[PDB]
Amino acid sequence: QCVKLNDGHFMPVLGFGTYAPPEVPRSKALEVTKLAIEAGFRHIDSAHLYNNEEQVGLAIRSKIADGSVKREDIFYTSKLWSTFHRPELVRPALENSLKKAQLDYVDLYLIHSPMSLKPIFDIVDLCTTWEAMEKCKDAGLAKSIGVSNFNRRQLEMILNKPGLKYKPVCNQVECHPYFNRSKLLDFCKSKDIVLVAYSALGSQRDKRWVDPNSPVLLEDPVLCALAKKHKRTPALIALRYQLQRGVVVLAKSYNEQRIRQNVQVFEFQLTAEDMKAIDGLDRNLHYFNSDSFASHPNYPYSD
Ligand SMILES: NC(=O)c1ccc[n+]([C@@H]2O[C@H](COP(=O)([O-])OP(=O)(O)OC[C@H]3O[C@@H](n4cnc5c(N)ncnc54)[C@H](OP(=O)(O)O)[C@@H]3O)[C@@H](O)[C@H]2O)c1
Ligand SMILES: CC1=C(CC(=O)O)c2cc(F)ccc2/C1=C\c1ccc([S@](C)=O)cc1
């Protein structure tokens, strides 16, 4: 199914995450994005940062070419990287992501992060960045625009901007049973802003930003015990948890079996008691936990 965004467009509630670390051959993104679409994924999450937009757009275009899907059946997101926050850089950055993917438009374009970088940190009025995203939606380059990694105060800045034309349709943030974002989720729902969860499965645990001593979400005993009760898997429990909270959830897998497993999230449900047990896992744990973000003046978790 799909959720209706506050601008009238529609977002599929389960999305495929395309990020893989640079040790993975660029060509794997092409193969696993085709598998994801074959499996039933219709929402595809990419970013300038991921260095995979050529491969991901080819996968989408290839699945249009063989008649498996139409362009309008695919929801494709890209993101503005943080060295392009200056308003004059936003449109060219988007047109580059479009040229790489070879698409006429993205369904969704996000400010990837509030933590601006020199075009070394930068100081940018993100309200001006936002005005330039608005113009991109006006131009038809992005169907919808939104933000990623914004905390409540940074989102309020956008929402209270003098002469705002379009609300962010979404805030894409770290969100999973260890860090379930209940308060931010409530705030978003009160503004008809969709919360989209990334690292919903515990993150890739990349050693550059994630402490390998952090607990492994998918080994959690409550998730395991739920997975055994429903005869599903811990990953599926964690994904279904978000859908029943009204969260759009991403899932990265470069594995053929797992990509196909993840679509099973539509095939079952959890009870109130299951949901309450999962909500009781919350421990304020963001897996991305690095000096590279934490020392930034607009670090979202400075809270
Ligand atoms: N906006 C941002 O700042 C931001 C930040 C992080 C992520 N994201 C987006 O969100 C996407 C997903 O988040 P993430 O990359 O942190 O990964 P994730 O979705 O939390 O997945 C973590 C690991 O879960 C494994 N997995 C997938 N399905 C599984 C299953 N059924 N059972 C067991 N393990 C399974 C995957 O390993 P395998 O590949 O081996 O299956 C994956 O590497 C990202 O790729 C990117 O598209 C955005
Ligand atoms: C892999 C990665 C992600 C995850 C994703 O989007 O899937 C990410 C998300 C952000 F909001 C910001 C940075 C990153 C990132 C790599 C990265 C980290 C620090 C820097 S610099 C040293 O500040 C540059 C790049």
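Just the heavy atoms: all of them, side chains too, but no hydrogens, waters or symmetry mates, feed the values below. If you read the sequence from its start, that first residue is 1, and numbering goes on from there.
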Residues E174 and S199: closest non-hydrogen pair is CG-CB, 4.0 Å

Quiz item: Does the side chain of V90 come within less than 4.5 Å of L80's, by heavy atoms?
Solution: yes

Using a 4.5 Å cut-off on heavy atoms from C-beta on, say whether the side chain of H85 contacts that of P114. no

Are the side chains of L141 and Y109 in contact, using a 4.5 Å heavy-atom criterion?
no

| field | Any donor-acceptor N or O pair under 3.5 Å, side chains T33, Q55 | value | no

Exercise for the section: For residues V173 and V196, determine if any side-chain heavy atom of one lies less than 4.5 Å from a side-chain heavy atom of the other. Expected result: no

- Query: Should the pair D122-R86 be classified as a salt bridge under the 4.0 Å nitrogen-to-oxygen rule?
  - Reply: yes

Taken in chain and number order and not counting sequence neighbours, the residues that satisfy side-chain contact (heavy atoms from CB on, under 4.5 Å) with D138 are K165, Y166

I37 and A59 have their tightest heavy-atom pair at CD1-O, 4.3 Å

Handout entry: Side chains of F84 and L94 in contact at under 4.5 Å (non-hydrogen atoms)
Key = no

Plane angle bin for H286 and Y299 - parallel if under 30°, tilted between 30 and 60°, otherwise perpendicular:
perpendicular

(message) Less than 4.5 Å apart, side chain to side chain, heavy atoms only: is that true for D186 and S190?
(response) no

**Request:** Return yes when atom CG of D66 has more than 12 non-hydrogen atoms of other residues, nucleotides or ligands closer than 6.0 Å, and no otherwise.
**Result:** yes

Is it true that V69 and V13 fall in one hydrophobic cluster, defined by side-chain heavy atoms closer than 4.5 Å? yes

NZ/NE/NH1/NH2 to OD/OE distance under 4.0 Å, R91 and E95
yes

Identify whether the distance between the nearest side-chain nitrogen and carboxylate oxygen of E267 and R232 falls below 4.0 Å. yes

Across all chains, not counting sequence neighbours, the side-chain hydrogen bond (donor to acceptor under 3.5 Å, both in side chains) partners of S46 are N52

- Side-chain contact, heavy-atom cut-off 4.5 Å: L217 with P177? yes

For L159 and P168 the tightest heavy-atom approach is CD2-CD, 4.1 Å

>> Does this structure show an ion pair linking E38 with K63, if we count only N-O contacts that are shorter than 4.0 Å?
In response: yes

Derivation and outcome, ring pair (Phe, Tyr, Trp, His ring centres under 6.0 Å), residues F179 and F288: CA-CA 11 Å; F179 189 45; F288 287 81; over 10 Å; no

- Answer yes when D104 and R71 have at least one side-chain N-carboxylate O distance shorter than 4.0 Å, and no when they do not. no

With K252 as the cation and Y19 as the aromatic partner, state whether NZ or CZ is under 6.0 Å from the six-membered ring centre and within 45° of the axis. no

Residue set satisfying side-chain contact (heavy atoms from CB on, under 4.5 Å) with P162, at least two apart, ordered chain then number -> none

| query | Does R245 reach the side chain of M275, with side-chain heavy atoms less than 4.5 Å apart? | reply | yes

For the rings on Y241 and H176, is their centre-to-centre separation under 6.0 Å? no

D192 and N6 have their tightest heavy-atom pair at O-ND2, 2.9 Å

Residues at least two apart in sequence or cross-chain that pass side-chain hydrogen bond (donor to acceptor under 3.5 Å, both in side chains) with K167, listed by chain then number, are none

- Before giving the answer on side-chain hydrogen bond (donor to acceptor under 3.5 Å, both in side chains), spell out for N284 and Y301 the whole-Å C-alpha distance, their side-chain angles and the decisive distance to 0.1 Å. CA-CA 10 Å; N284 197 27; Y301 305 136; over 6 Å; no

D220 and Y178: side chain donor to acceptor below 3.5 Å: yes

Checklist entry - Are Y50 and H112 close enough that their ring centers fall under 6.0 Å? => result yes

- Message: Pair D45, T18 - check side-chain hydrogen bond (donor to acceptor under 3.5 Å, both in side chains), show working.
- Response: CA-CA 6 Å; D45 188 76; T18 60; 5.7 Å; no

Original post:
What do the steps show when you test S253 against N255 for side-chain hydrogen bond (donor to acceptor under 3.5 Å, both in side chains), and what is the final call?
Top reply: CA-CA 5 Å; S253 175; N255 172 275; 5.0 Å; no

For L218 and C224, the nearest pair of non-hydrogen atoms, with its separation, is O-SG, 3.9 Å

Decide whether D125 and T128 meet the rule of one side-chain donor and one side-chain acceptor closer than 3.5 Å. no

For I259 and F16, what are the C-alpha separation, side-chain angles and deciding distance, and is it a side chain to side chain contact (heavy atoms under 4.5 Å, CB included)?
CA-CA 8 Å; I259 280 156; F16 182 59; 3.8 Å; yes

(Q) Looking only at side-chain N and O atoms, does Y287 offer a donor or acceptor that is under 3.5 Å from a partner on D206? (A) no

inquiry  = Taking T271's backbone N and O only, do any of them form a donor-acceptor pair with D274's side chain (distance below 3.5 Å, no angle check)?
reply    = yes

Across all chains, not counting sequence neighbours, the side-chain contact (heavy atoms from CB on, under 4.5 Å) partners of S292 are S290

Check: Going by an N to O cut-off under 4.0 Å, is there a salt bridge joining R152 and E156?
Finding: yes

Taking every heavy atom of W130 against every heavy atom of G146, the minimum-distance pair comes out as CZ3-O, 3.6 Å

Rounded to the nearest 0.5 angstrom, the CZ-NE2 distance for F75 and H43 is 5.5 Å

Hits for side-chain contact (heavy atoms from CB on, under 4.5 Å) against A197, two or more places apart or cross-chain, chain-then-number order -> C175, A200, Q242, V247, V249

Given the options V248, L5, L108, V3, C170 meets side-chain contact (heavy atoms from CB on, under 4.5 Å) only with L108

